[PDB]
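Chain IDs A, B, C, D and E follow the sequence of writing; residue 1 opens each chain.
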Amino acid sequence: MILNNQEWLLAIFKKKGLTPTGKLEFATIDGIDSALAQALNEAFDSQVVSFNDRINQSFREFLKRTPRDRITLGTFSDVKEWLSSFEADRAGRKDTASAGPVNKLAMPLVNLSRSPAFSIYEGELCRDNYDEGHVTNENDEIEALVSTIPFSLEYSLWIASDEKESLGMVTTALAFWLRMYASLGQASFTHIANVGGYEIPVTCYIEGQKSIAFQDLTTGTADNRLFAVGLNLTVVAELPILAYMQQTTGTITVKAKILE
Amino acid sequence: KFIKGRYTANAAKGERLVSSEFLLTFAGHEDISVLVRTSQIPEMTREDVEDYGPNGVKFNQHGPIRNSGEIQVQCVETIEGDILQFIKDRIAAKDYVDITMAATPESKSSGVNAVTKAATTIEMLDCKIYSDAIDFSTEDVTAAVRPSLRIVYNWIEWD
Amino acid sequence: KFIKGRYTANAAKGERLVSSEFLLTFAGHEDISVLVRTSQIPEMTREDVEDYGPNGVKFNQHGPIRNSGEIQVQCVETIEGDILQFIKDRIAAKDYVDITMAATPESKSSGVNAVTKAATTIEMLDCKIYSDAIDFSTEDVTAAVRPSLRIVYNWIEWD
Amino acid sequence: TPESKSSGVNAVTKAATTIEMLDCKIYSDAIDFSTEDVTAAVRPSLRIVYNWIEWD
Amino acid sequence: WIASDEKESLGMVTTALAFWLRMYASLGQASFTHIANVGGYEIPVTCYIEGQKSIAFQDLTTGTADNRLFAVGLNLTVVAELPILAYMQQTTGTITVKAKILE
């Protein structure tokens, strides 16, 4: 008991002070597209066909293909534009398993594109979060405070094929993947963004996952004998933004006194 | 790209539940679980005792737990008279059944964590099942008959 | 351009609040603050004593302060059963927590005025947290489950 | 009315529109805070109890 | 209007604008004062952006089939309280108070 006159000295503590600087750092929405492109492939995986048949040939061949061959990236205004671009630039069968004659223009194909314009969410699912976490050094220090803002992005999927049965199979597989097991997250992916020198995960969700409605894109088979179906998707991503910080130390003292 | 440090977060992050998936077993009558379309979770409240101290100050105090309550369930009817025969059997013979309500369809057999499964489930014991009037009318050809069920529980159990 | 004089104003000028930013701490359960979507501020009223004088004249007089009241909060549910487990724990064990409602997100550390921060915040002491019934239904695929909470405060503190 | 122009042509038309309440009490009601409405502004609602009315 | 050659730079600029606009609305962040010299005096004019939090970008290009250029547009509204002053002439006077006994 440290007692001088009529006052006690009880405890001495230590504090951590934070003083901000104007600088800011934020992530980019570029990696979300690659994350979604990789995530789409798990729908077609883990699917098997017990008995072989002539109708099942195209679907099985599509299932055996690599991710690069299944999906192509780019924005287009018309199906004819997409086919012409696919023909002009060599693609489709980059990974070949046979040395014999093959057809570069495989019939079942999937395209993904997104619009440059976007918007903030402004809904119920997500909310702005300030100072959700902090970033530490190799030492026991704090360098920044992390906050997130929801972002909504628009995507469109195009699926095309020669025969109608393969198109139906692909669309049914996609619908089964999308609708089943919503409560236990099944169509949801995390993209790890290296913001500054640190790794911060970004979680993205598909809004209105259960509601699925396909749109036709071909007037008829009077010109090219081709079937195309489109689908529109929205992705909500909480990008993190961090404000750099400066740390200083101090002390807190507690004393008890007798009045007068 | 150099890994300077690690990121830690002090907030609850998780995907939001969808209310479109749930289950309702009705004890030993498991074949009825398909026909339900609307359910609820009990009130989960407590009584309050009001007191007035010196001058006009006032305090609210925790009271005894609320055991029994009322819940509303809506279902659909098939040709075979499933719900009608179920209600007829319930009225004819006095009995109490147990209802299990779960906010998720069923955990995949991976079984990573069981706590997140018992957290959402709830059980009602010693329940009574009644029904309300059922509306039949023409002029609505596409409509379907929707029995409305009133269920009275007598105890709430979790975990 | 000559500076002939100085301009002075005798009116309140300032930015208007937007109700989209607020914080709700729940004492030692800080991880729940992210899930809230709707809150309120206590009534801040006083009782009135009613008297009739000679002839028909009438006076209303200040009375004792109102301490306890009710407030409604709406939040959103995640997969891990955070709010359900929170309410189960609150019902299982009687306890009172302290809630700090604030009308601004937070004051930047470059902030140089404190009274503008203490003016907006309010504190509620010795509170009781209960829940209401929760609606589950199909036919609304995009909806999310929204638990509704009823909170009873016992004292109001400011500054 | 906002005010009378300092010309002051007539005054009885000014006292006719005004009213005064004496010995008043000011209380407040609950105030609603919520997200999902980003463009809204907080609107406190006040309840005022007057005790006498004066005119002219 | 925002235009760029590559899509990533446009995305970065738009994200920076959105982060500036939405964050910290209660503490005045996107709000400016313009000092107007009305007559011989300086009177500040406060301007606010109505509907600051709601952000939505519109596309302005049919496609990259002609020029390989990306453009995105946004619309804003600004609310300003313009001051108007009416000139006055000042004069001085006196007021006296007296107490009297009736009759």
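The rule is simple: a residue touches a chain if its C-beta (ideal position, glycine included) is under 8 Å from a C-beta of that chain, and two chains touch if they have at least 3 such contacts.
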Here chain B maps onto chain C under a C-alpha rotation whose angle in degrees, rounded to the nearest 5, is 60
Ranking A-D and A-C by C-beta pairs in contact puts on top A-C
For the pair chain B and chain C, the C-alpha centroid-to-centroid distance in angstrom is 29
Taking each chain's centre as the mean of its CA atoms, chain A sits from chain E at a distance in Å of 36
Chain A to chain B, mean C-alpha position gap in Å, rounds to 34
The positions of chain B in contact with two or more other chains are 10-11, 13, 15-18, 20, 103-104
Listed in rising order, chain E residues that touch 2 or more other chains are 53-54
Contact graph of the chains (line, ring, star, complete, other): other
Inter-chain touches occur between A-B, A-C, A-D, A-E, B-C, C-D, C-E, D-E
Per the touch rule, the chain C residues reaching chain E in their complex are 1-7, 13, 15, 17-18, 20-21, 103-105, 107-108
Chain C residues touching chain D in their complex are 16-20, 22, 37-46, 48, 58-60, 62, 71, 74, 103
Residue set of chain A touching chain C in the complex reads 18-20, 124-125, 127-132, 183-185, 207-208, 210-211
Touching chain C in the complex, chain D uses residues 23, 25, 27-42, 47, 49, 51
Residue set of chain D touching chain A in the complex reads 35-36, 38
